[PDB]
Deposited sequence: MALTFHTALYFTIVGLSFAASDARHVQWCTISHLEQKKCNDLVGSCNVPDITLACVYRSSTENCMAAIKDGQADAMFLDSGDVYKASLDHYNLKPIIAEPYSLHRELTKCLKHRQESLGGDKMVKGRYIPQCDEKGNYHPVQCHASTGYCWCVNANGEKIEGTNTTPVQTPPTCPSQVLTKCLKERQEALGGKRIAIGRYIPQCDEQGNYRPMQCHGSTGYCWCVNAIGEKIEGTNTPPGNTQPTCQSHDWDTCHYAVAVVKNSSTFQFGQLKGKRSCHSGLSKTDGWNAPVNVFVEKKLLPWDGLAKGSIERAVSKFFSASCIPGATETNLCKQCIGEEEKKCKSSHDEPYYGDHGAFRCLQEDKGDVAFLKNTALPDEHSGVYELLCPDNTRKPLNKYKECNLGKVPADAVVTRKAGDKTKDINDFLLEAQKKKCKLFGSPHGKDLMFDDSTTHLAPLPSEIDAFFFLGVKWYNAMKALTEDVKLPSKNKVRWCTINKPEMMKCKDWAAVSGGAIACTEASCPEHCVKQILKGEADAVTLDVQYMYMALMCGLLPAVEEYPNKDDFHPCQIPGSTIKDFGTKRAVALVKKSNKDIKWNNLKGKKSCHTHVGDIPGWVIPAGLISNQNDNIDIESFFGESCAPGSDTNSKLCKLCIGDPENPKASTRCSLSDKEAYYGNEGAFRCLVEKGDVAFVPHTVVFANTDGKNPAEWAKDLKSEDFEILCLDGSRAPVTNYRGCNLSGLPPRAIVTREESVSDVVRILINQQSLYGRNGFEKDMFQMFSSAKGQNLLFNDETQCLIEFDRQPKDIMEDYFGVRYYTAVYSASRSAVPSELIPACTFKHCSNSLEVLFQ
């Protein structure tokens, strides 16, 4: 296997060459491919001349466009503020679940708030080992009849790990970190041989401008500093006296035309303060900046005066390359240090370490402040930088494997004698893989993505009076174009292939609303969308639809229930183990998902196949225990099929299986009524009595089938129309108005019917929808708010950590954004 790294300069190629020598990763060989600039390397990677390069966040965005089609895959993890520990989060979440769901696992945290390596399930006596994230080491379960397992100790904190590694198994003359009680870095660190001291934040990163030689007083070190985002700054010499607002006509050094810290952040501020007579005139920004400064060095620029101060020899002058000595963060600082500029635009990680000196920060509030005050004297937080590769991802694994092994082996990735910031930022300490579905939008975050886009094109913002509806198939798209035609512009349409892609479009500002099945709301809520209105399906009460706002007696959603015959008097909820169960089919929420979640919650995620003695659940393996109850009609049937061929499939089918050969069936609450009291003509349901069956309650009691509102496994939440938080008010308003025209009682229901169609069934909305009711948002967790406490608990253990879609790690990726 091979990894071809693209380098942008002779210095960088030389460093990459050294690594080919000095870093030995078995199975994977590194090679280095030279190109003359960032852009030429991007094109090389798109063309397969190379596989990977490290890019500033500004180039990550540029690379993500169709010209190059690169994506970020690896970056240094960062942190915005201090968070609760996972174990304590988990404890709180699971203690806030539905107390009616008894015997749930509550994690055991230690005096530091971590997971005890041994975790146990009180109500079952089962114990197992966990990793630091509290996830079960599979294959370590021990039963109550045995002693708790012996589990390896948890991995040490970064500080105690660095401490132990520096000691190298028994210390002298080198830096050994000093740690506190909780195992985090002490704010003040000192070198035990040189007498130097400096500040670090809570994960051990050095605070620039704090390095203090012995015999000097140290700057104060902030404790509990968990803000590890990088900050764009403007650095100046203390021998000049101008303020930020007087920058017009000075000489400037920038890390580069396409760098966030060297271009986007300053230019953004220039524009907000109106120092730059430029608006949206798409007069380019570079041209406007060209009028602002007298002479600058801005690698990658074309205007002549914005290259006048660079000093690269011949063609290399003003190149986005280390061969231009003033390129990059350290190059811009060199350019100021050598007095070719009066101000340099770079980021805090490139500031001098030493407290004392001729340099300080130029704050946009027209004051100046010391180097170590960048957190309150800056031009904004900037996104992380990343290793990128082709969108296709053919080499992602090889690239990750190589960098994981090189870092384990401590190869010299993050410095070099040949110069600073070669291959990677010198300030980098660790590179981790990004979520697999991450793209530039989710990596940079919506605020920085739009801000970068806004510098290149006049981004017309879609109207707040128009709802762009997202459709998942052509019939829906056709019904939505009919809606647009009569809506008078209130409705437009977009096309996607599935509901999850609709969620993505709404997040990215390409659509405004979509209707989601329950099975997709967890993912949509985790990504930050909100219910706007919901489908009210109750045919027995139209009052909430006639008078909007009135109080709803029964939303009318289905209620999953445990159905048993009145004959079986021994079968309660707690003894369902090993019994005969009938399931409508695998994947059905009331017949499988809800029961699956409760059995899992209360029995250590033991397979539902193994839990029941024998069942019928169409869609399982024909040879399985869940299929032997199934009969299959005309015998070829095809037992355990997701068709009416199987006589136990569906709401009615599971009901048959119960009366025939089963102790319990899991079905919606409506199946019994619609199939007893002679409601089904078929023979087996020959006048079966509704008083012949009862439903199981979770407390071990029972109740007549009629009390399903108080004796159910869980009620389903209604389907919901979701949108962006800031668009909820608009969408509600537009939809309610449309409903007054084209709802079941709309004033123009002859023009168009929202809740039906000749083009197909359940297009956009469910055809059985009575109306859409505004979501009354309660002050509580949206998960609990939208799902209801019973469902949240039974299906998701009332946890914000389930990952039912791999989009979730990408859409919850945290950003380095401003306000």
Can you list the gaps, numbered from 1 on the deposited sequence, where no C-alpha is modelled?
1-23, 194-195, 308, 659, 664-665, 849-854
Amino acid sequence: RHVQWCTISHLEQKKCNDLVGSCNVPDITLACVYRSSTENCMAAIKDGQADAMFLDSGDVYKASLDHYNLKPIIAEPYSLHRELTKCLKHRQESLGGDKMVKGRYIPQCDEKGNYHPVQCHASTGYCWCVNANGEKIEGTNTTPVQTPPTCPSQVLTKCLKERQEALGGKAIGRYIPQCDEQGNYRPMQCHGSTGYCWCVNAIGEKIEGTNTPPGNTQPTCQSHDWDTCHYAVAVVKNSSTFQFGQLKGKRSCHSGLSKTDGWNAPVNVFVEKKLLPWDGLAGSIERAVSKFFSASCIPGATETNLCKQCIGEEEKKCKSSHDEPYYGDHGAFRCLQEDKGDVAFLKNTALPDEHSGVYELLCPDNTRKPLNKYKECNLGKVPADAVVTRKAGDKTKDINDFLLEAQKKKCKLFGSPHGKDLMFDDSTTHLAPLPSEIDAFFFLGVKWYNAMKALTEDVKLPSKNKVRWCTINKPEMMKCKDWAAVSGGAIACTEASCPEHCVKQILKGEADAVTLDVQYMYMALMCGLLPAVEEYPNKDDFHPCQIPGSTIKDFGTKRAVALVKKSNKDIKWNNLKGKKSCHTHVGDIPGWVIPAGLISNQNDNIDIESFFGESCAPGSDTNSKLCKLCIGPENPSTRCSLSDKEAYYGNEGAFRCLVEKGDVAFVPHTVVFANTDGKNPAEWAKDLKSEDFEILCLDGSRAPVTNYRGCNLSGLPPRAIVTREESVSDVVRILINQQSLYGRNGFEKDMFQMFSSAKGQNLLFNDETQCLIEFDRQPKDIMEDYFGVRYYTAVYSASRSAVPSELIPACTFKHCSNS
From here on, numbers count along this sequence of modelled residues.
Higher-B stretch (mean Cα B-factor, as the entry records it), 615-623 or 359-367:
615-623
Which is higher in the entry, the mean Cα B factor of 321-329 or that of 704-712?
704-712
By the entry's C-alpha temperature factors, tell me which of 726, 401, 663, 227 sits highest.
663
Looking at 155, 498, 297, 720, which one carries the largest C-alpha B-factor according to the PDB entry?
155
Once the chain's modelled residues are ordered by C-alpha B factor and cut into thirds, is residue 27 in the lowest, middle or highest one?
highest
Quick tally, chain-level thirds of C-alpha B-factors: residue 519 sits in the lowest
Residue 58, C-alpha B-factor rank within chain (lowest, middle or highest third):
lowest
Residue 293, C-alpha B-factor rank within chain (lowest, middle or highest third)
middle
What third of the chain does residue 779 rank in for C-alpha temperature factor, lowest, middle or highest?
highest
